[PDB]
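What follows is one chain in structure tokens, specifically the form deposited in one PDB entry.
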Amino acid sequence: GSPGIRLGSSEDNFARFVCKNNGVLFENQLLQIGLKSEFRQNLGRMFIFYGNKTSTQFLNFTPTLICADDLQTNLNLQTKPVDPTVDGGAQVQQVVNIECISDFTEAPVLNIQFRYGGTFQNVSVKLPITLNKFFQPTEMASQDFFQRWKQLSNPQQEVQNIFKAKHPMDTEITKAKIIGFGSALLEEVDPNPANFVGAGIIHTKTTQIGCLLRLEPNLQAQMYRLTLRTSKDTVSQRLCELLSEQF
């Protein structure tokens, strides 16, 4: 992504919302922005909470969703305007109805403008709507998994990444991350039990993408080997990028 220190940037907390849907996306000294989201098929609903941390009412409180270029087609967001007046210590909510059209990489931008004490306040933060949010976990026996694993022919559909662990390589947290990521977590597939296997279908209006994944941790070297095999090259690429940043 962008170069430079990611503190006070539009994406300080973005990565914390890839494998979970709830939490505080952003908070400065006047406003706290929280999220709660739910997904099903190629659709989702994201609640955005605007908490006024001051004792002063905000005015002309205007949050707007912006989807840059390709995203303008791959994702369709619909939402209702929010009450422009926000009491001190109060919270206003915004429900965003999400429709995934095709697989995507970019993230929508949430721009918030309001008046506080007669001054212009302007905030811009990346919204955590990611491709993996449209997963349907698909449980299956190991023989069925290998059968599908070996049906991949297009080399562009396989994407591998060997990278350095960015966080302690804790077994239980790893499991919770894969599950939160979206695919089914399949033990009993890789003969090596310390490895992790996932399977699921990514759902979009125009195409359903079957996805398989293998994560091989190397505890001594503090590294991981991640392999994505899916029915669409750009999905294998995007999912591999996303998941790799989580470990």
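Residue indices: 1-based, along the sequence shown.
What comes next is about the form solved in complex with a partner chain, which does not appear here.
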**Study point:** Listed range touching its partner chain, judged in the deposited complex by heavy atoms within 4.5 Å, from 89 to 97, 72 to 80, 127 to 135, 114 to 122
**Key:** 89 to 97
Exercise for review: Report yes if any heavy atom of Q32 sits within 4.5 Å of a heavy atom of its partner chain in the deposited complex; otherwise report no.
Suggested key: yes
Check your understanding: in the deposited complex, does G180 have a heavy atom within 4.5 Å of its partner chain?
Key -> no
Practice item. Classify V24 as contacting or not contacting its partner chain in the deposited complex by the rule of any non-hydrogen atom within 4.5 angstroms, answering yes or no. Key: yes
Check your understanding: Quick one: is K53 in contact with its partner chain in the deposited complex, heavy atoms, 4.5 Å cut-off?
Key -> yes
